[PDB]
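All remarks here apply to the structure that follows.
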Amino acid sequence: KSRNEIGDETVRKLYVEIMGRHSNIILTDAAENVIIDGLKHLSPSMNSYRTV
RNA sequence: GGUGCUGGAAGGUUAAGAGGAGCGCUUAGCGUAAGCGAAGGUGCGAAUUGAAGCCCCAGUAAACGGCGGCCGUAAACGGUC
């Protein structure tokens, strides 16, 4: 439940995946569920499914 | 943003024209000496007023015109001028 930098409040959902070598940390905005940023950036070609 | 066009004087810059302070030049006369000098005439004219325009403020790009660089990351996103 993070306050935005402009003053209002918008809930953020942080996703932690622990899958060994496929582990990643991905933050979403919890309303549209688009990836704001990821700890490991993946391409549409390399790891085509679940592109970060 | 700059330049054109349109709109706006809050504030400065404002010309000619009004306005006349004051300062020189002459001398009727006061003066032992060198100077002071009223009324006129004759030049310089300071303050104060005195519009558009300029500085300024907004809009306008089928107006004039312009639409960038470096480093990463896989067009797109992040850091900086």
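All residue names refer to the structure tokens as shown: chains lettered A, B, ... in order, residues numbered from 1 in each chain, ligands numbered from 1 in order.
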Which of chain A counts as strand (DSSP E or B) under DSSP, as an NGL selection string please? :A and (2-3 or 9-10 or 13-17 or 24-28 or 35-38)
Using only C-alpha atoms (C1' of nucleotides), what does the table of chain A residues within 10 Å of chain B look like, with each row giving the shortest atom pair and its distance in Å to one decimal, sorted by chain and ascending number, as a tab-separated table?
residue	atom	partner	partner_atom	distance
A:37	CA	B:77	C1'	9.4
A:41	CA	B:74	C1'	7.5
A:42	CA	B:74	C1'	6.9
A:43	CA	B:74	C1'	5.2
A:44	CA	B:74	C1'	8.1
A:45	CA	B:74	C1'	9.0
A:46	CA	B:74	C1'	9.1
A:52	CA	B:74	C1'	9.9
Output C-alpha atoms for every residue in that selection, as an mmCIF file, in the first residue's frame.
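Final output, part-v8.cif:
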data_model
loop_
_atom_site.group_PDB
_atom_site.id
_atom_site.type_symbol
_atom_site.label_atom_id
_atom_site.label_comp_id
_atom_site.auth_asym_id
_atom_site.auth_seq_id
_atom_site.Cartn_x
_atom_site.Cartn_y
_atom_site.Cartn_z
ATOM 1 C CA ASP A 37 10.005 -3.464 -13.799
ATOM 2 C CA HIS A 41 14.832 -8.533 -18.018
ATOM 3 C CA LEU A 42 13.791 -11.163 -20.569
ATOM 4 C CA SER A 43 13.245 -10.824 -24.322
ATOM 5 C CA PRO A 44 10.369 -12.021 -26.543
ATOM 6 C CA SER A 45 12.877 -14.456 -28.100
ATOM 7 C CA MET A 46 14.896 -15.684 -25.110
ATOM 8 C CA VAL A 52 9.502 -9.609 -18.466
#
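The space separating atom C1' of residue 25 of chain B from atom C1' of residue 45 of chain B comes to 15.6 Å.
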Using only C-alpha atoms (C1' of nucleotides), which residues sit within 12 Å of residue 6 of chain B once same-chain residues fewer than 2 positions away are excluded, as a PyMOL selection string? chain B and resi 4+8+58-60
Generate a file of the selected residues that holds N, CA and C atoms (P, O5', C5', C4', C3', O3' and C1' of nucleotides), formatted as a PDB file, in the first residue's frame.
ATOM      1  P     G B   4       8.787  40.221 -35.739  1.00  0.00           P
ATOM      2  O5'   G B   4       7.971  39.705 -37.007  1.00  0.00           O
ATOM      3  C5'   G B   4       6.711  40.270 -37.323  1.00  0.00           C
ATOM      4  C4'   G B   4       5.857  39.344 -38.154  1.00  0.00           C
ATOM      5  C3'   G B   4       4.363  39.500 -37.941  1.00  0.00           C
ATOM      6  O3'   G B   4       3.823  40.573 -38.691  1.00  0.00           O
ATOM      7  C1'   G B   4       4.948  37.192 -37.951  1.00  0.00           C
ATOM      8  P     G B   8      -7.362  45.240 -26.975  1.00  0.00           P
ATOM      9  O5'   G B   8      -6.573  44.949 -25.622  1.00  0.00           O
ATOM     10  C5'   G B   8      -7.233  44.390 -24.495  1.00  0.00           C
ATOM     11  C4'   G B   8      -6.269  44.105 -23.370  1.00  0.00           C
ATOM     12  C3'   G B   8      -5.471  45.294 -22.860  1.00  0.00           C
ATOM     13  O3'   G B   8      -6.213  46.092 -21.955  1.00  0.00           O
ATOM     14  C1'   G B   8      -4.042  43.421 -23.136  1.00  0.00           C
ATOM     15  P     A B  58       2.615  34.514 -20.076  1.00  0.00           P
ATOM     16  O5'   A B  58       1.077  34.252 -20.387  1.00  0.00           O
ATOM     17  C5'   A B  58       0.687  33.337 -21.396  1.00  0.00           C
ATOM     18  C4'   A B  58      -0.658  33.691 -21.971  1.00  0.00           C
ATOM     19  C3'   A B  58      -0.980  33.065 -23.316  1.00  0.00           C
ATOM     20  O3'   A B  58      -1.447  31.734 -23.201  1.00  0.00           O
ATOM     21  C1'   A B  58      -1.481  35.372 -23.385  1.00  0.00           C
ATOM     22  P     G B  59      -0.723  30.554 -24.016  1.00  0.00           P
ATOM     23  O5'   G B  59      -1.606  30.408 -25.333  1.00  0.00           O
ATOM     24  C5'   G B  59      -3.012  30.231 -25.245  1.00  0.00           C
ATOM     25  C4'   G B  59      -3.726  30.878 -26.404  1.00  0.00           C
ATOM     26  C3'   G B  59      -3.348  30.371 -27.785  1.00  0.00           C
ATOM     27  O3'   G B  59      -4.022  29.172 -28.127  1.00  0.00           O
ATOM     28  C1'   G B  59      -3.384  32.736 -27.788  1.00  0.00           C
ATOM     29  P     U B  60      -3.251  28.002 -28.913  1.00  0.00           P
ATOM     30  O5'   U B  60      -3.149  28.541 -30.408  1.00  0.00           O
ATOM     31  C5'   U B  60      -4.314  28.830 -31.168  1.00  0.00           C
ATOM     32  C4'   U B  60      -3.980  29.668 -32.376  1.00  0.00           C
ATOM     33  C3'   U B  60      -2.937  29.079 -33.312  1.00  0.00           C
ATOM     34  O3'   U B  60      -3.497  28.153 -34.228  1.00  0.00           O
ATOM     35  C1'   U B  60      -2.422  31.351 -32.863  1.00  0.00           C
TER      36        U B  60
END
Which residues are near segment 2-18 of chain A? Cut-off 12 Å, only C-alpha atoms (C1' of nucleotides), ignore same chain within fewer than 5 positions. Put them as an NGL selection string. :A and (23-40)
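Separating atom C1' of residue 76 of chain B from atom CA of residue 51 of chain A is a distance of 13.0 Å.
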Tell me which protein, DNA and RNA residues are within 12 Å of residue 53 of chain B, counting only C-alpha atoms (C1' of nucleotides), leaving out same-chain ones fewer than 4 positions away, and put them as a list in words. residues 13, 14 and 15 of chain B
Atoms to include: C-alpha atoms (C1' of nucleotides). Write the selected residues as a PDB file, in the first residue's frame.
ATOM      1  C1'   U B  13      11.360  53.947 -22.497  1.00  0.00           C
ATOM      2  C1'   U B  14       9.124  57.454 -25.016  1.00  0.00           C
ATOM      3  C1'   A B  15       9.203  62.766 -30.392  1.00  0.00           C
TER       4        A B  15
END
Quick one: residues within 12 Å of residue 40 of chain B, only C-alpha atoms (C1' of nucleotides), excluding same-chain residues fewer than 3 positions away - as number ranges by chain? B: 26-28
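Our summary of the geometry notes that atom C1' of residue 22 of chain B is positioned 16.6 Å from atom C1' of residue 42 of chain B.
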Among the residues B:33, B:63, B:1, B:50, the one that comes closest to residue 18 of chain B [using only C-alpha atoms (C1' of nucleotides)]: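 Smallest separation from residue 18 of chain B among the options: B:50.
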